[PDB]
Structures are given as structure tokens and as C-alpha cells.
Amino acid sequence: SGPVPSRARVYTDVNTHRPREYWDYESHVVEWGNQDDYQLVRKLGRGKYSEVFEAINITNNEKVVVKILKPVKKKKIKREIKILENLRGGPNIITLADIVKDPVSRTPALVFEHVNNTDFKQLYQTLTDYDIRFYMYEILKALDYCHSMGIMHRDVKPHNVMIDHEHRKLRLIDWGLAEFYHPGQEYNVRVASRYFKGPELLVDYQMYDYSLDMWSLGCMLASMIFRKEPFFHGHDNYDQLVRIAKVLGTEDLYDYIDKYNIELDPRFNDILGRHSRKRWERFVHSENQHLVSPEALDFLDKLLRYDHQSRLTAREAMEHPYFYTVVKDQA
Ligand SMILES: COc1ccc(/C=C2\Oc3cc(OCC(=O)O)ccc3C2=O)cc1OC
């Protein structure tokens, strides 16, 4: 009894009709920049594969960000950077300003736009129903962009969404987990933050597509409109599924497991329990009411769907009344 195969409902063969050079990042030959152009000012964060610095461009005195890369894997390095390059110029997509060959490592460093990030600590008490809509929309553009460009981001979460609230500047960052979609292809499930994991990952189902990202985003929206960070708060990957099944409910879950002949580790049976589908009304109170609206609950209700093929696409989400008001464009 095997798992039923899946295709992207949209943008399936985007890489399929692109020249090999576009998606074969292995054969990509990088052209490095001048590491002496840049001086590191402060450390701004560190993961467990990299270290992020505030930096300076000494030819012009501009602020940048410098991602130095602990000696990981040539394959992994060139992916992020082929992708970063494939998407440069797109909406709200962080600009890769430079690439540099680095001493610190026997590996290198990437140089990005500075985004003077309003901290999500005094952002979360200034933001308005309109603000979130605006920002949801801008991130959607980024996610439609890169999806249309044959690419899943795989690590959507509020830290990878820098926002300079003062200029209304949103860029989407951290494409180190990002990967090309090829239909038919089984992928790593160990991507994305726990809280932002799609059910297809939590259920070890690998033939996922872009709509993973719509899940993550979808949790984000939940978060912001409900003033709860993270919305789904589990203590490991098992717990997380429980924390989802307590609002989405066990029925539709087990039907999702049913459609894709996905077979679940037996231990999951006893923790998973039996839960009903809660109304999205149930999480509206007095502190978060002013951000919650029928358009929203409904918008949201179309992203958090077990069945990956069910989730709204980026295109459709941007075409949702929730976003109508959003200041509609031109010269
Ligand atoms: C609230 O504290 C801050 C935290 C982060 C920033 C700015 C930035 O942090 C980044 C991390 C980045 O990671 C690059 C990557 O991991 O892909 C890229 C750009 C920025 C970036 O512009 C600015 C901040 O204000 C001092």
C-alpha cells in the first residue's frame, strides 16, 4: 500500500519549460565580488549554519547585511544563490547585492539589502487591520512571484519577513531552505519552522508543492489577526499536529490521510484523540477583534486546509475581498 502521488495545481512545469541552466544550480558558475568592499559592524543573529552581520559598503558608505556561511555544502550554497539570483528584482524579495569568497570558513559570504527592521515587539502593538492587509498582500506578491518562478520558499515565518514599518518596507528573507519545484519529485520534510510546518510534512508526505508556503503564511495570518504568536503552539512535530487537529478537527485530517494513502505511525493514534472542527469565531475576543473580520476568517479559512491541493493559491488569495480596500494602484 503506497502513498498516492501529487502535482502542483498551478505552476507545475515552470522549470520544465526553462533552460536547464535556470534550475541546474549545480552547474552554475559563480562570479565572486570584492570582500574588501565590505566591513562588518555588528552581529545581528546566528543560526546553526550561518552568521548574520550588519555590514557596511565602503565604496559608497551604504548599510548592508552580510551572511557568512559556516562550511556547509557546495550543493547547498549554490542553490540559495542561484535562487536568490533567479528572483532578484521581484516584488518584496530581498536583494542579493553581492557574493564574496571568504577567509572565515573555506566557504563564502552573501551580501543583501539592509532592511531597517521594525522589531516585531513594538510592531505588534502599533499594527492595524489595514496594516496587516497591506502586509499580507505584499508578502503574497512575493510568494506568487517565486511560485511563478518555479520555487518554494520552504521557511515562511515572521522572522523571514523583515518589515521597515516606517517606509512600509516588507522584504521576504532566508531562502537557504528554498528549492525548485519539479513535478513528481519527493522532497525533504525536515524544512520550515515547527510552528509553520504544513500537515504534509507532519504526516511525512514528500510529494508536496508550493502550497506548503500557503499553509505557513496562513498560520502567520492567524497569528497576527488573533494576537497569538505562534497560533499553533506544539512542543515537537507530533504535538504540532495535535495543536492543529484541535482547531481543524480530526475528521478532515483522517480524510486527508485517506486520500493520499498516507500511512501514519501508530503512536499518533492515541495523542491525536477525537476533536471537532472549531468555528474560527471561537478565537475572537476584545484585544484582537479590531483586526478580525468576516473577510479575514474566510480568507484564513481557505489557507488552513489539510489537503494541500485545497489551499488557495497566491493569485486567488490576492484576489480576495479581504484585500479589496488595499489602495488600488497606478501612477
Ligand atoms: C530588530 O533588530 C534587527 C534585526 C534585523 C535587522 C535587519 C536585517 O536582518 C536580516 C537578515 C537577513 O538574513 C539574510 C538571510 O538569512 O537570508 C537578511 C537581511 C536582513 C536585514 O536587513 C535589523 C534590526 O534592527 C536593528
# chains A, B, ... in the order shown; residues from 1 in each chain; ligands from 1

$ closest_atom_pairs --of "chain A" --to "ligand 1" --cutoff "10 Å" --atoms "only C-alpha atoms and all ligand atoms" --output "CSV"
residue,atom,partner,partner_atom_place_in_ligand_line,distance
A:42,CA,ligand 1,26 (C),9.6
A:43,CA,ligand 1,4 (C),9.7
A:44,CA,ligand 1,4 (C),6.1
A:45,CA,ligand 1,4 (C),7.7
A:46,CA,ligand 1,16 (O),9.0
A:47,CA,ligand 1,16 (O),8.6
A:50,CA,ligand 1,16 (O),8.0
A:51,CA,ligand 1,16 (O),8.3
A:52,CA,ligand 1,13 (O),6.1
A:53,CA,ligand 1,11 (C),7.8
A:54,CA,ligand 1,8 (C),7.3
A:55,CA,ligand 1,22 (O),9.8
A:63,CA,ligand 1,22 (O),8.9
A:64,CA,ligand 1,22 (O),7.0
A:65,CA,ligand 1,19 (C),5.3
A:66,CA,ligand 1,14 (C),7.4
A:67,CA,ligand 1,14 (C),5.9
A:68,CA,ligand 1,16 (O),9.4
A:69,CA,ligand 1,16 (O),10.0
A:80,CA,ligand 1,17 (O),8.6
A:81,CA,ligand 1,17 (O),9.9
A:84,CA,ligand 1,17 (O),9.0
A:94,CA,ligand 1,19 (C),7.1
A:95,CA,ligand 1,19 (C),8.8
A:96,CA,ligand 1,17 (O),8.9
A:110,CA,ligand 1,14 (C),8.3
A:111,CA,ligand 1,14 (C),8.2
A:112,CA,ligand 1,19 (C),5.9
A:113,CA,ligand 1,22 (O),6.0
A:114,CA,ligand 1,22 (O),3.9
A:115,CA,ligand 1,22 (O),3.6
A:116,CA,ligand 1,23 (C),4.9
A:117,CA,ligand 1,23 (C),4.3
A:118,CA,ligand 1,1 (C),5.9
A:119,CA,ligand 1,1 (C),4.2
A:120,CA,ligand 1,1 (C),7.4
A:121,CA,ligand 1,1 (C),8.6
A:122,CA,ligand 1,1 (C),9.8
A:159,CA,ligand 1,11 (C),8.5
A:160,CA,ligand 1,13 (O),7.5
A:161,CA,ligand 1,10 (C),9.2
A:162,CA,ligand 1,21 (C),6.7
A:163,CA,ligand 1,7 (C),8.8
A:164,CA,ligand 1,23 (C),8.7
A:171,CA,ligand 1,19 (C),8.5
A:172,CA,ligand 1,17 (O),8.6
A:173,CA,ligand 1,17 (O),4.8
A:174,CA,ligand 1,17 (O),3.3
A:175,CA,ligand 1,17 (O),5.8
A:176,CA,ligand 1,17 (O),6.7
A:177,CA,ligand 1,17 (O),9.7

$ residues_around --residues "residue 27 in chain A" --least-positions-apart "3" --cutoff "12 Å" --atoms "only C-alpha atoms" --output "ChimeraX atom specification"
/A:20-24,30,74-75,78-79,82

$ write_last_selection --atoms "C-alpha atoms" --output "PDB file, in the first residue's frame"
ATOM      1  CA  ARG A  20      18.482  23.617 -17.742  1.00  0.00           C
ATOM      2  CA  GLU A  21      20.796  26.489 -16.666  1.00  0.00           C
ATOM      3  CA  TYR A  22      17.882  28.075 -14.717  1.00  0.00           C
ATOM      4  CA  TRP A  23      17.365  25.155 -12.333  1.00  0.00           C
ATOM      5  CA  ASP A  24      20.665  23.318 -12.510  1.00  0.00           C
ATOM      6  CA  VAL A  30      29.543  31.832  -9.533  1.00  0.00           C
ATOM      7  CA  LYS A  74      28.780  23.378  -2.088  1.00  0.00           C
ATOM      8  CA  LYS A  75      25.433  21.979  -3.396  1.00  0.00           C
ATOM      9  CA  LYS A  78      24.821  27.376  -4.866  1.00  0.00           C
ATOM     10  CA  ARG A  79      21.125  26.580  -4.516  1.00  0.00           C
ATOM     11  CA  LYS A  82      21.006  30.515  -7.876  1.00  0.00           C
TER      12      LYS A  82
END

$ closest_residue --among "A:101, A:12, A:211, A:60" --to "residue 311 in chain A" --atoms "only C-alpha atoms"
A:211

$ residues_around --residues "residue 323 in chain A" --least-positions-apart "6" --cutoff "8 Å" --atoms "only C-alpha atoms" --output "list in words"
residues 133, 134 and 137 of chain A

$ write_last_selection --atoms "C-alpha atoms" --output "short mmCIF file (atom, residue, chain, number, x, y, z; two decimals), in the first residue's frame"
data_model
loop_
_atom_site.label_atom_id
_atom_site.label_comp_id
_atom_site.auth_asym_id
_atom_site.auth_seq_id
_atom_site.Cartn_x
_atom_site.Cartn_y
_atom_site.Cartn_z
CA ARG A 133 -3.97 43.50 4.98
CA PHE A 134 -1.40 45.66 3.27
CA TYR A 137 -0.81 41.36 0.29
#

$ residues_around --residues "residue 241 in chain A" --least-positions-apart "6" --cutoff "10 Å" --atoms "only C-alpha atoms" --output "VMD selection string"
chain A and resid 194 to 195 197 to 199 201 to 203 232 to 234 253 268 271 to 272

$ select_by_dssp --residues "range 146-284 of chain A" --states "helix (DSSP H, G or I)" --output "PyMOL selection string"
chain A and resi 146-148+158-160+194-196+199-202+211-226+237-245+250-259+268-272+280-283

$ write_last_selection --atoms "C-alpha atoms" --output "CSV table (one decimal), in the first residue's frame"
chain,number,residue,atom,x,y,z
A,146,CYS,CA,8.7,33.0,-6.7
A,147,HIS,CA,6.0,30.3,-7.2
A,148,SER,CA,5.5,31.5,-10.8
A,158,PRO,CA,7.6,36.1,10.7
A,159,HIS,CA,11.4,36.3,11.1
A,160,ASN,CA,11.9,35.7,7.4
A,194,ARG,CA,7.9,23.7,13.7
A,195,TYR,CA,5.0,26.1,14.2
A,196,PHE,CA,4.8,26.9,10.5
A,199,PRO,CA,0.5,18.9,7.6
A,200,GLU,CA,2.1,17.2,4.6
A,201,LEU,CA,5.4,17.5,6.4
A,202,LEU,CA,4.0,16.5,9.8
A,211,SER,CA,1.1,25.2,-1.3
A,212,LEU,CA,3.2,24.3,1.7
A,213,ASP,CA,4.0,28.0,1.7
A,214,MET,CA,0.4,29.0,1.7
A,215,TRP,CA,0.0,26.9,4.9
A,216,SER,CA,2.9,28.8,6.7
A,217,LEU,CA,1.6,32.1,5.5
A,218,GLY,CA,-1.8,31.0,6.7
A,219,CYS,CA,-0.6,30.3,10.2
A,220,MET,CA,1.0,33.8,10.1
A,221,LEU,CA,-2.2,35.5,9.2
A,222,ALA,CA,-3.8,33.6,12.1
A,223,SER,CA,-1.1,34.8,14.4
A,224,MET,CA,-1.4,38.4,13.5
A,225,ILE,CA,-5.2,38.8,13.5
A,226,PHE,CA,-5.5,36.8,16.6
A,237,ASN,CA,6.3,17.7,15.4
A,238,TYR,CA,3.8,15.2,17.0
A,239,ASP,CA,2.4,17.8,19.4
A,240,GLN,CA,2.1,20.3,16.5
A,241,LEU,CA,-0.2,18.0,14.5
A,242,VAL,CA,-2.4,17.6,17.7
A,243,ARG,CA,-2.4,21.5,18.1
A,244,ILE,CA,-3.7,21.7,14.5
A,245,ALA,CA,-6.3,18.9,14.9
A,250,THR,CA,-9.8,15.1,13.5
A,251,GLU,CA,-12.4,14.2,10.7
A,252,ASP,CA,-11.0,16.2,7.8
A,253,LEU,CA,-7.5,15.2,8.9
A,254,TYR,CA,-8.2,11.5,8.7
A,255,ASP,CA,-9.8,12.1,5.3
A,256,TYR,CA,-6.6,13.7,4.1
A,257,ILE,CA,-4.7,10.7,5.3
A,258,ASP,CA,-7.3,8.7,3.4
A,259,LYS,CA,-7.0,10.5,0.0
A,268,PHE,CA,0.0,9.2,16.6
A,269,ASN,CA,-3.4,7.4,17.1
A,270,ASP,CA,-3.5,7.9,20.9
A,271,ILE,CA,-2.3,11.5,21.1
A,272,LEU,CA,-4.4,12.6,18.2
A,280,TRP,CA,-13.0,30.5,13.6
A,281,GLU,CA,-15.4,32.8,15.5
A,282,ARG,CA,-14.1,30.9,18.7
A,283,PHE,CA,-10.7,32.8,18.8

$ closest_residue --among "A:85, A:138, A:144, A:37" --to "residue 314 in chain A" --atoms "only C-alpha atoms"
A:144

$ atom_distance --atom1 "CA of residue 154 in chain A" --atom2 "CA of residue 191 in chain A"
6.1 Å

$ select_by_dssp --residues "range 63-254 of chain A" --states "strand (DSSP E)" --output "PyMOL selection string"
chain A and resi 63-68+96-102+107-113+151-152+161-164+169-172+179-180

$ atom_distance --atom1 "CA of residue 9 in chain A" --atom2 "CA of residue 182 in chain A"
12.6 Å

$ residues_around --residues "residue 246 in chain A" --least-positions-apart "5" --cutoff "8 Å" --atoms "only C-alpha atoms" --output "PyMOL selection string"
chain A and resi 275-278

$ residues_around --residues "residue 289 in chain A" --least-positions-apart "3" --cutoff "10 Å" --atoms "only C-alpha atoms" --output "MDAnalysis selection string"
chainID A and resid 129 225:227 283:286 292:293

$ write_last_selection --atoms "N, CA and C atoms" --output "PDB file, in the first residue's frame"
ATOM      1  N   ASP A 129      -5.764  46.675  11.355  1.00  0.00           N
ATOM      2  CA  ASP A 129      -6.489  45.870  10.398  1.00  0.00           C
ATOM      3  C   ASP A 129      -6.109  46.205   8.973  1.00  0.00           C
ATOM      4  N   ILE A 225      -3.841  38.273  13.273  1.00  0.00           N
ATOM      5  CA  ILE A 225      -5.207  38.755  13.451  1.00  0.00           C
ATOM      6  C   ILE A 225      -5.726  38.320  14.792  1.00  0.00           C
ATOM      7  N   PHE A 226      -5.077  37.331  15.378  1.00  0.00           N
ATOM      8  CA  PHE A 226      -5.549  36.776  16.641  1.00  0.00           C
ATOM      9  C   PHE A 226      -4.649  37.181  17.826  1.00  0.00           C
ATOM     10  N   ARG A 227      -3.580  37.887  17.519  1.00  0.00           N
ATOM     11  CA  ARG A 227      -2.624  38.355  18.533  1.00  0.00           C
ATOM     12  C   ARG A 227      -2.179  37.157  19.366  1.00  0.00           C
ATOM     13  N   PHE A 283     -12.006  32.162  18.405  1.00  0.00           N
ATOM     14  CA  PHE A 283     -10.712  32.764  18.800  1.00  0.00           C
ATOM     15  C   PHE A 283     -10.712  34.310  18.753  1.00  0.00           C
ATOM     16  N   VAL A 284     -11.885  34.898  18.457  1.00  0.00           N
ATOM     17  CA  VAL A 284     -12.121  36.364  18.534  1.00  0.00           C
ATOM     18  C   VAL A 284     -12.555  36.793  19.978  1.00  0.00           C
ATOM     19  N   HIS A 285     -11.836  37.782  20.533  1.00  0.00           N
ATOM     20  CA  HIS A 285     -12.018  38.338  21.893  1.00  0.00           C
ATOM     21  C   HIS A 285     -12.110  39.856  21.809  1.00  0.00           C
ATOM     22  N   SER A 286     -11.654  40.555  22.829  1.00  0.00           N
ATOM     23  CA  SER A 286     -11.718  42.003  22.779  1.00  0.00           C
ATOM     24  C   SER A 286     -10.396  42.645  22.329  1.00  0.00           C
ATOM     25  N   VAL A 292      -9.992  41.406  13.187  1.00  0.00           N
ATOM     26  CA  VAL A 292     -10.690  40.177  12.717  1.00  0.00           C
ATOM     27  C   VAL A 292     -11.909  40.649  11.972  1.00  0.00           C
ATOM     28  N   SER A 293     -12.212  40.034  10.849  1.00  0.00           N
ATOM     29  CA  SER A 293     -13.370  40.471  10.027  1.00  0.00           C
ATOM     30  C   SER A 293     -13.888  39.265   9.235  1.00  0.00           C
TER      31      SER A 293
END

$ residues_around --residues "residue 103 in chain A" --least-positions-apart "3" --cutoff "12 Å" --atoms "only C-alpha atoms" --output "MDAnalysis selection string"
chainID A and resid 35:36 68:71 100 106:109

$ decode --residues "range 151-187 of chain A" --atoms "N, CA and C atoms" --output "tab-separated table (two decimals), in the first residue's frame"
chain	number	residue	atom	x	y	z
A	151	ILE	N	9.60	28.06	-7.74
A	151	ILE	CA	10.34	27.96	-6.46
A	151	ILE	C	9.50	28.10	-5.20
A	152	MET	N	9.65	27.10	-4.32
A	152	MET	CA	9.07	27.04	-2.99
A	152	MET	C	10.07	27.69	-2.06
A	153	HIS	N	9.59	28.47	-1.10
A	153	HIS	CA	10.46	29.09	-0.09
A	153	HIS	C	10.74	28.18	1.11
A	154	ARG	N	9.76	27.38	1.53
A	154	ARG	CA	10.02	26.30	2.50
A	154	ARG	C	10.37	26.75	3.95
A	155	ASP	N	10.40	28.07	4.21
A	155	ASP	CA	10.69	28.53	5.57
A	155	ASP	C	9.98	29.85	5.90
A	156	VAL	N	8.70	29.90	5.57
A	156	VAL	CA	7.91	31.11	5.78
A	156	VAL	C	7.66	31.09	7.26
A	157	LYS	N	7.77	32.29	7.84
A	157	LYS	CA	7.65	32.54	9.27
A	157	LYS	C	8.02	34.01	9.46
A	158	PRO	N	7.48	34.67	10.52
A	158	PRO	CA	7.59	36.12	10.70
A	158	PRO	C	9.01	36.68	10.77
A	159	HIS	N	9.99	35.85	11.10
A	159	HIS	CA	11.42	36.27	11.13
A	159	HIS	C	12.02	36.37	9.71
A	160	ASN	N	11.44	35.63	8.79
A	160	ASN	CA	11.91	35.66	7.45
A	160	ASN	C	11.13	36.70	6.63
A	161	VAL	N	10.37	37.52	7.35
A	161	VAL	CA	9.62	38.58	6.73
A	161	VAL	C	10.03	39.89	7.37
A	162	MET	N	11.13	40.51	6.92
A	162	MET	CA	11.55	41.77	7.54
A	162	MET	C	10.56	42.86	7.12
A	163	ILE	N	10.31	43.83	8.00
A	163	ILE	CA	9.38	44.93	7.78
A	163	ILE	C	9.88	46.23	8.41
A	164	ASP	N	10.07	47.25	7.56
A	164	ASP	CA	10.54	48.60	7.99
A	164	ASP	C	9.33	49.47	8.07
A	165	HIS	N	8.49	49.18	9.06
A	165	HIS	CA	7.14	49.75	9.16
A	165	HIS	C	7.06	51.24	8.76
A	166	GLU	N	8.18	51.92	8.94
A	166	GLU	CA	8.27	53.35	8.75
A	166	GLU	C	8.23	53.75	7.29
A	167	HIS	N	8.60	52.84	6.42
A	167	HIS	CA	8.65	53.12	5.00
A	167	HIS	C	7.72	52.19	4.31
A	168	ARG	N	7.04	51.40	5.12
A	168	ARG	CA	6.20	50.35	4.63
A	168	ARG	C	6.98	49.36	3.79
A	169	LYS	N	8.14	49.00	4.31
A	169	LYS	CA	9.09	48.17	3.58
A	169	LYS	C	9.01	46.72	4.11
A	170	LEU	N	8.53	45.83	3.25
A	170	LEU	CA	8.48	44.41	3.52
A	170	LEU	C	9.39	43.71	2.52
A	171	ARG	N	10.36	42.96	3.02
A	171	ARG	CA	11.05	42.00	2.17
A	171	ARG	C	11.02	40.63	2.83
A	172	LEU	N	10.93	39.60	1.99
A	172	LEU	CA	10.94	38.18	2.40
A	172	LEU	C	12.37	37.60	2.33
A	173	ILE	N	12.86	37.09	3.46
A	173	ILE	CA	14.26	36.65	3.53
A	173	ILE	C	14.46	35.15	3.81
A	174	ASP	N	15.74	34.75	3.83
A	174	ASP	CA	16.16	33.41	4.17
A	174	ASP	C	15.60	32.32	3.23
A	175	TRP	N	16.29	32.20	2.09
A	175	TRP	CA	15.99	31.24	1.03
A	175	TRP	C	16.97	30.05	1.06
A	176	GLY	N	17.66	29.88	2.19
A	176	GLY	CA	18.54	28.75	2.39
A	176	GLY	C	17.83	27.42	2.42
A	177	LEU	N	16.51	27.41	2.68
A	177	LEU	CA	15.69	26.18	2.59
A	177	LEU	C	14.93	26.08	1.26
A	178	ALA	N	14.82	27.22	0.59
A	178	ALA	CA	14.16	27.32	-0.69
A	178	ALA	C	14.73	26.30	-1.73
A	179	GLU	N	13.83	25.81	-2.60
A	179	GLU	CA	14.13	24.73	-3.55
A	179	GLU	C	13.18	24.82	-4.74
A	180	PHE	N	13.70	24.43	-5.91
A	180	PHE	CA	12.96	24.33	-7.18
A	180	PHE	C	11.86	23.25	-7.12
A	181	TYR	N	10.67	23.56	-7.60
A	181	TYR	CA	9.67	22.52	-7.74
A	181	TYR	C	9.82	21.79	-9.08
A	182	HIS	N	9.98	20.48	-9.00
A	182	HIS	CA	9.85	19.63	-10.19
A	182	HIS	C	8.71	18.66	-9.88
A	183	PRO	N	7.67	18.61	-10.74
A	183	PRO	CA	6.57	17.67	-10.51
A	183	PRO	C	7.05	16.19	-10.50
A	184	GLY	N	6.49	15.41	-9.59
A	184	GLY	CA	6.91	14.03	-9.47
A	184	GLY	C	7.94	13.81	-8.36
A	185	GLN	N	8.51	14.91	-7.88
A	185	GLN	CA	9.67	14.84	-7.02
A	185	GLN	C	9.38	14.82	-5.52
A	186	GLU	N	9.95	13.81	-4.87
A	186	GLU	CA	9.82	13.61	-3.47
A	186	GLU	C	10.86	14.53	-2.77
A	187	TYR	N	10.45	15.26	-1.72
A	187	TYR	CA	11.33	16.25	-1.04
A	187	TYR	C	11.58	16.04	0.45
